[PDB]
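2 protein chains.
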Amino acid sequence: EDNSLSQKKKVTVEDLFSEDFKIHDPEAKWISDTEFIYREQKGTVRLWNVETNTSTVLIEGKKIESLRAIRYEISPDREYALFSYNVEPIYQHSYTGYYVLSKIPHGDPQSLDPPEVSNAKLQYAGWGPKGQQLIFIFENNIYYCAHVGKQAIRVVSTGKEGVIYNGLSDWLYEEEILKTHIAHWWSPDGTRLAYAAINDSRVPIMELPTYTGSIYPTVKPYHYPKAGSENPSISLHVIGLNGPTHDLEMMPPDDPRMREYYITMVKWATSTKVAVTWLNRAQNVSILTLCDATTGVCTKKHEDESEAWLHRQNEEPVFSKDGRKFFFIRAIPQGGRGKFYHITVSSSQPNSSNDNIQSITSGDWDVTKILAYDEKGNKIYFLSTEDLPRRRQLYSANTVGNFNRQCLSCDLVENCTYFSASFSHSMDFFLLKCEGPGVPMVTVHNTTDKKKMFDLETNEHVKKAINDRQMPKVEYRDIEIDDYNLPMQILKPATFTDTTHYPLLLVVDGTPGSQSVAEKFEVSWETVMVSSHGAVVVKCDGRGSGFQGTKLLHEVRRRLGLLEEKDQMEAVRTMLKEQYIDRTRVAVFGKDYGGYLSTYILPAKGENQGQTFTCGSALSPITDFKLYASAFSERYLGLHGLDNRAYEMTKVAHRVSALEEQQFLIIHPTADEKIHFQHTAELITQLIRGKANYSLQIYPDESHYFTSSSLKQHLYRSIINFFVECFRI
Amino acid sequence: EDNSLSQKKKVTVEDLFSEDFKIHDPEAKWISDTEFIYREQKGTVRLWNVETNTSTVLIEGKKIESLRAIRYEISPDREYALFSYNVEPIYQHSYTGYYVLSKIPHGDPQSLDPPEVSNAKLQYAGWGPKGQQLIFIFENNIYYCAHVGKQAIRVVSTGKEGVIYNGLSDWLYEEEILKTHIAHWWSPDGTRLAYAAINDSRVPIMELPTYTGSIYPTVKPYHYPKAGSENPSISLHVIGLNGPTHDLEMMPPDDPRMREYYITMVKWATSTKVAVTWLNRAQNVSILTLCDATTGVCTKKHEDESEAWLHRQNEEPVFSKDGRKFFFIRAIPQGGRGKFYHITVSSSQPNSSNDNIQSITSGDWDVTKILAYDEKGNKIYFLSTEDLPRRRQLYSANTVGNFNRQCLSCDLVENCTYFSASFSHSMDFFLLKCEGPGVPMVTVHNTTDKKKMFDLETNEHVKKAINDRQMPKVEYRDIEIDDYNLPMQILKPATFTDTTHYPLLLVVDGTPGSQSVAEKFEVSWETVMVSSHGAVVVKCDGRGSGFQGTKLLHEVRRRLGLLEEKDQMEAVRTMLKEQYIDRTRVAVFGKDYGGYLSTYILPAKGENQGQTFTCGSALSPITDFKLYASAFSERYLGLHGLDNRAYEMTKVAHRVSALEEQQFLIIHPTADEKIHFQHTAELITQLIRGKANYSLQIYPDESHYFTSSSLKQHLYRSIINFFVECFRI
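One line per chain: the protein sequences are I and J, in this order. Sequential numbering of the first sequence, starting at 59, is according to PDB author numbering. Sequential numbering of the second sequence, starting at 59, is according to PDB author numbering.
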């Protein structure tokens with residue numbers, strides 16, 4: 059007999075925004091092989107020279123005075139830096155606002171401004187590879203300044219506001235393919251810049267309604283392609299930083315299946331050579347091409363094509379110091395059960411006669427990314443799910459014929475399993491972060507000794523908070539269906555008892571090409587609810603989850619809805635067969651694409667066990683893929699315009715007809731830029747036709763990602779305050 | 059052993075939309091001294107005479123096969139019939155559609171057409187007063203045809219789509235002040251037409267979002283002058299039906315405080331002289347003016363003004379056949395409690411030295427509208443509130459010094475005790491209709507014998523249905539605060555039991571010049587919920603409502619909402635003393651302006667007696683009157699643009715701040731043009747900042763007047779479903 063009270067306060071709503079839980083990552087980047095940038099720890103920014111415990115104050119409590127410049131970065135000369143803050147701060151991935159130049163010693167603000175124009179907003183500044191040369195993007199125009207005090211030079215200015223995007227990515231590139239906003243890349247020599255110019259005039263335009271703006275609010279118009287519409291028309295240009303600065307346009311290939319090209323990847327192969335990944339409009343035919351920036355001569359080095367589509371076309375080709383044989387990562391057949399994503403080798407100049415396909419790694423697992431390759435001998439470092447899909451571990455292999463894989467850390471202090479590392483220019487030291495399943499562990503390590511030769515950032519306060527609050531028990535119960543094994547992640551409220559029945563939630567994302575069951579450390583509304591309300595949560599990554607086989611990924615190609623619905627529902631079936639789960643209170647949640655799923659999965663099982671969930675909800679739930687971005691629609695459903703009959707069954711209406719007793723809900727901001735309000739509007743219309751019971755909460759004229767702490771706090775509060783009633787008996 | 063069965067079934071929403079409760083009112087109109095239209099009640103169109111039960115079917119039941127024309131009007135010569143079908147209403151009265159002309163007996167339907175154009179949608183056609191002459195308004199252009207066989211001829215075409223209106227009303231001149239879409243007047247002889255030209259060029263424009271139209275739904279722009287904006291430029295023009303049809307325009311007076319004006323009332327004095335009412339922008343000066351058509355010159359007749367505002371702007375004076383003294387209705391002091399609305403005599407040509415004002419009526423009551431004046435006698439027939447403000451009865455005063463208002467209707471029927479009458483050209487024969495609280499009756503009568511020859515429509519189905527189900531018993535309970543009187547209405551399902559407790563739902567409308575506590579028979583969601591769900595619903599006409607004193611109207615100048623809030627909370631506190639009613643379950647409802655009330659009456663009384671309303675709700679509420687039409691904001695809260703500071707204290711936002719835990723609902727269609735959705739969006743923003751629980755529903759791209767049955771039943775089902783789980787414990 060024992061009691062074991064363990065009376066510690068349950069996690070409240072504010073805990074996610076409590077400074078104790080305010081996880082800090084310096085996000086160090088190797089300035090050289092002997093030191094890293096060592097950004098803000100708790101204020102001043104030092105330069106912790108990794109050689110021998112030496113820290114030099116490069117930045118001090120001075121950016122606090124400069125109107126709280128959110129972002130900061132120092133030029134390669136380490137002598138003049140740029141600070142940047144925001145006025146009317148919009149950054150979902152936008153990152154606009156004010157830029158300022160400043161001095162390395164201290165103080166000295168300097169408004170980096172467009173020529174002939176005073177202090178004004180700037181899109182992006184960045185740094186060059188050499189000395190203090192910088193650029194800045196004003197109203198879709200790239201201007202360059204080799205010297206900090208040098209008068210601005212209009213390198214290119216033909217870009218137009220919302221019409222021509224050169225030096226920055228438009229919304230489709232900012233959200234669907236590049237997933238990054240910067241569309242310029244410096245050459246290795248710091249003399250040339252390769253950028254992308256996008257014409258958007260032919261692109262169809264939508265207008266987001268506005269209410270809260272003014273007494274006569276007007277719609278914000280911008281281009282937003284859809285299925286069967288006109289995609290942005292991109293071109294690739296190269297312009298020098300000095301002298302003539304000639305613009306050179308690179309010719310894409312003219313294959314019969316190469317109708318329209320997406321620039322999924324472009325990188326300087328050398329100071330004059332460049333490697334570009336060009337994908338067909340159907341997103342099922344990719345071509346890796348090697349071109350010459352100063353010459354413009356293009357020649358293909360590889361080509362791949364898949365029946366369904368190509369995944370992770372954002373490959374990063376890591377090159378040698380002189381354009382010698384380099385590395386790549388791609389899907390090799392790997393026999394049965396999916397052409398797994400493994401590493402591959404390319405020679406310096408692969409002849410058109412044959413390819414250099416050389417799987418450095420082989421096995422039923424995938425490499426998430428290639429970390430780095432260093433030329434003294436044979437060392438490729440990378441992150442992979444080799445040990446387990448739900449974990450990202452560090453691995454190293456050798457480029458010489460031995461091809462021997464090797465772990466580096468394989469667990470460290472306080473239960474760390476998840477890994478993510480980053481090497482320097484010359485292997486001298488590499489950073490490593492845990493971010494799971496414990497507190498993130500910012501650390502330095504040395505390639506030879508492989509030892510933590512000083513603690514970088516541990517966040518002991520986070521451990522104190524996690525031991526001072528009822529952090530819910532983490533559990534795993536891998537499931538298996540048909541010809542695949544599906545991960546899972548059930549949670550228990552740390553006061554659980556097998557005798558006491560407890561309610562259940564299913565959290566679903568199911569994004570095609572991503573994963574939800576990961577050992578990354580995270581605290582969100584689910585953690586609070588399992589703490590504040592004590593309901594188990596289920597995270598099942600059904601068919602189409604990433605890093606689990608290309609065949610599994612393509613299982614849902616043009617077959618959305620049903621398969622993932624089957625997986626999530628069968629996860630619910632598996633959870634109900636226990637004695638600690640009461641059928642009275644079982645709920646679901648979703649968001650973004652998962653919102654779709656969060657709506658698609660409310661049918662009746664059998665006849666006695668109908669109305670599978672008492673309550674459900676969604677957030678920004680995509681419902682019609684015709685009304686969503688073309689780069690996404692055509693990817694998983696093919697090109698429109700020819701009536702492919704791949705959209706009628708995709709509409710969630712077909713499933714929402716029943717809605718017998720489920721207490722549904724929708725939360726959707728008015729001014730959503732990713733998933734338009736039209737999706738919620740159509741769903742509500744269909745619901746009205748079906749005459750169902752639901753409630754709606756709205757955010758008037760707000761962005762999609764909730765980049766305001768008040769917005770996120772209110773959102774999590776609303777979700778909790780919604781599940782409380784339907785989980786109360 | 060067998061007692062068989064008893065008891066009658068209660069009332070459910072399905073009953074409302076069953077055919078049983080439909081009030082098939084024919085709405086007959088006195089064509090001549092001894093005949094009325096006797097329009098459709100259960101099919102065919104039949105003409106009747108008062109002499110001896112004369113039956114004359116003019117049109118068969120062919121409207122069903124005539125594409126189910128929504129409306130029809132016979133030609134004034136009783137020779138042609140105009141059918142209106144395929145109507146797509148946009149406002150309350152903008153029934154744009156298709157018009158087809160046909161011969162009186164039957165056969166040969168002919169589609170009215172614009173010149174040189176085939177069948178197309180028509181804004182309005184109408185009929186003339188004599189012969190077969192007609193007009194029609196197409197794309198804001200008035201064309202006329204004296205001869206039906208004669209094709210369309212151009213008459214006036216200055217109109218522009220949404221900018222220039224000829225003979226019709228814009229939104230402001232349809233819904234706020236003129237309260238109808240009729241802006242054209244036929245001369246008694248059918249020789250000239252008087253039409254209003256509305257210029258919207260300087261009127262600001264607002265877009266209403268569309269969320270359902272197509273792949274890229276676009277906003278709808280229309281001219282909605284907000285508070286502190288420029289009202290449309292209205293001019294009056296008289297045109298001839300023959301010859302050159304040279305236009306002549308009316309010249310308004312030029313008092314220094316009436317430059318910006320509304321033509322709030324204009325009625326033909328004769329076939330060439332007219333009386334027109336100009337109400338200035340501050341609506342504090344209303345000049346009645348006599349104009350001659352052939353010269354275009356307007357001669358001033360009289361002026362009216364008040365310490366707060368003018369009222370009853372569309373009471374058309376009745377001009378005698380000789381143009382002698384017309385008996386208009388103006389605010390005479392009538393002792394205390396403000397200047398009651400009593401009849402004023404005005405001679406044909408009153409001397410400028412002194413007018414011929416004469417208070418025909420008198421008493422602690424007023425006249426709602428004046429039917430006619432028997433030129434062959436000292437009899438003037440009208441409808442007035444002589445008995446009670448909540449009942450209207452027919453009366454006949456003496457235009458000469460007799461001044462005897464006779465007891466004609468005056469409770470001549472046992473049940474309704476509430477009346478509405480309409481006389482002929484000779485006023486010998488008149489139609490009478492009860493319209494509550496009993497089942498409405500339509501009856502013929504003569505003013506000589508005051509005898510009921512036969513009932514025109516008895517609503518037999520309505521009577522049997524009102525006897526079928528357990529009706530809610532009607533009750534009344536006057537209240538008084540200070541020197542103000544306020545009626546009240548309350549219902550019970552008539553199967554009330556004192557032991558069982560029932561909750562209270564408070565319904566408010568509260569708009570100036572209205573009467574929520576009325577003895578009108580009606581079937582709605584209120585009685586359905588009272589019957590089936592067992593609740594008692596209270597209506598209390600607070601301060602600011604009309605028909606009970608010009609002072610009791612005008613005291614709310616710039617203080618619109620607070621006084622009626624005090625009246626309603628007094629009603630709550632003085633009604634919750636019942637031993638069969640409880641403080642736990644108290645709920646409120648609101649609509650349009652009442653939504654503000656439904657939100658403005660939820661504080662926490664003191665500190666202990668909080669939780670005033672358990673589950674409140676509202677429809678299209680208004681919180682910031684700046685975002686609303688100037689003709690309502692300025693008219694009661696003071697003119698906008700001057701920062702009256704009533705536009706910063708009449709916001710319920712600071713009032714809805716507390717709302718600590720009370721659940722609340724909002725319902726608002728997307729395409730609302732009564733109270734723009736911006737009000738709801740701002741309210742939601744405040745609530746998110748206020749951090750209070752709320753719910754919401756949406757109707758995408760739906761007008762405010764609920765022009766469909768399915769939408770109406772969905773709304774009623776949704777509101778009753780909201781209330782049913784918010785009452786039961």
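For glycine and all other residues, C-beta sits at the position ideal for the given N, C-alpha and C.
DSSP beta-bridge partners for residue i?
i	result
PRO727(J)	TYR757(J)
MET511(J)	None; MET511(J) has no bridge partner.
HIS503(I)	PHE488(I)
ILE777(J)	DSSP, once it has assigned bridges, lists no residue as partnering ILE777(J).
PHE141(J)	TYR130(J) and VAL158(J)
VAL214(I)	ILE200(I)
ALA351(J)	DSSP output for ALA351(J) lists no bridge partner at all.
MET323(J)	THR335(J)
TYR560(J)	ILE639(J)
Within 10 angstroms of its Cβ, does residue i collect 16 or more other Cβ (buried), or is it exposed?
i	result
residue 789(J)	Here chain J covers residues 59 to 787 and nothing more, so residue 789(J) does not appear.
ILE415(I)	exposed
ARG339(J)	buried
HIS712(I)	exposed
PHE512(J)	exposed
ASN409(I)	exposed
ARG260(I)	exposed
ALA178(I)	exposed
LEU230(J)	buried
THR557(J)	exposed
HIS737(I)	buried
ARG388(J)	buried
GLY421(I)	exposed
So residue i and residue j are in contact, right, with Cβ under 8 Å, and what is the actual spacing, rounded?
i	j	result
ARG615(J)	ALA285(J)	No, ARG615(J) and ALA285(J) are not in contact; Cβ-Cβ is about 16 Å, not under 8 Å.
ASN372(J)	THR322(J)	6 Å
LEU251(I)	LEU299(I)	6 Å
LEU549(J)	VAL594(J)	6 Å
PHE398(J)	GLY496(J)	Going by Cβ atoms, the distance from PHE398(J) to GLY496(J) rounds to 29 Å, so no, they are not a contact pair.
residue 48(I)	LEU489(I)	For residue 48(I) there is no data in the structure shown, the boundaries of chain I being 59 and 787.
Could you tell me which uninterrupted beta strand (DSSP E) segments, each at least 3 residues in length, are contained entirely in the stretch 217-283 of chain I, listed from first to last along the chain?
-> Within the stretch 217-283 of chain I, the runs of beta strand (DSSP E) at least 3 residues long that lie entirely inside it are, in chain order, 222-224, 242-244, 250-257, 263-266 and 278-281.
Three or more C-beta pairs below 8 Å linking the stretch 592-608 of chain J and the stretch 561-581 of chain J = Flag = yes, the stretch 592-608 of chain J and the stretch 561-581 of chain J touch.
Every unbroken beta strand (DSSP E) within the stretch 594-642 of chain I, with a cutoff of 3 residues, ordered by chain | Those beta strand (DSSP E) runs which fall completely within the stretch 594-642 of chain I and span 3+ residues are 594-598.
Quick check: the stretch 64-74 of chain J against the stretch 611-627 of chain I, are there 3 or more CB pairs under 8 Å?
-> no
Decide if the stretch 211-221 of chain I is in contact with the stretch 316-331 of chain I; the criterion is three or more beta carbon pairs, one per stretch, under 8 Å apart.
-> no
Sequence ranges, alpha helix (DSSP H) only - wholly within the stretch 645-717 of chain I, length at least 4 | 651-658, 688-695 and 711-714
Is it true that the stretch 470-478 of chain J meets the stretch 627-643 of chain J, where meeting means three or more beta-carbon pairs spaced less than 8 Å apart?
-> no
Does the count of Cβ pairs from the stretch 155-162 of chain I and the stretch 116-135 of chain I closer than 8 Å reach three?
-> yes
Flag this pair as touching only if the stretch 376-388 of chain J and the stretch 424-431 of chain J have three or more C-beta atom pairs under 8 Å; answer yes or no.
-> Touching, per the Cβ criterion.
Uninterrupted beta strand (DSSP E) stretches inside the stretch 67-105 of chain J (no shorter than 3 residues) | 88-90
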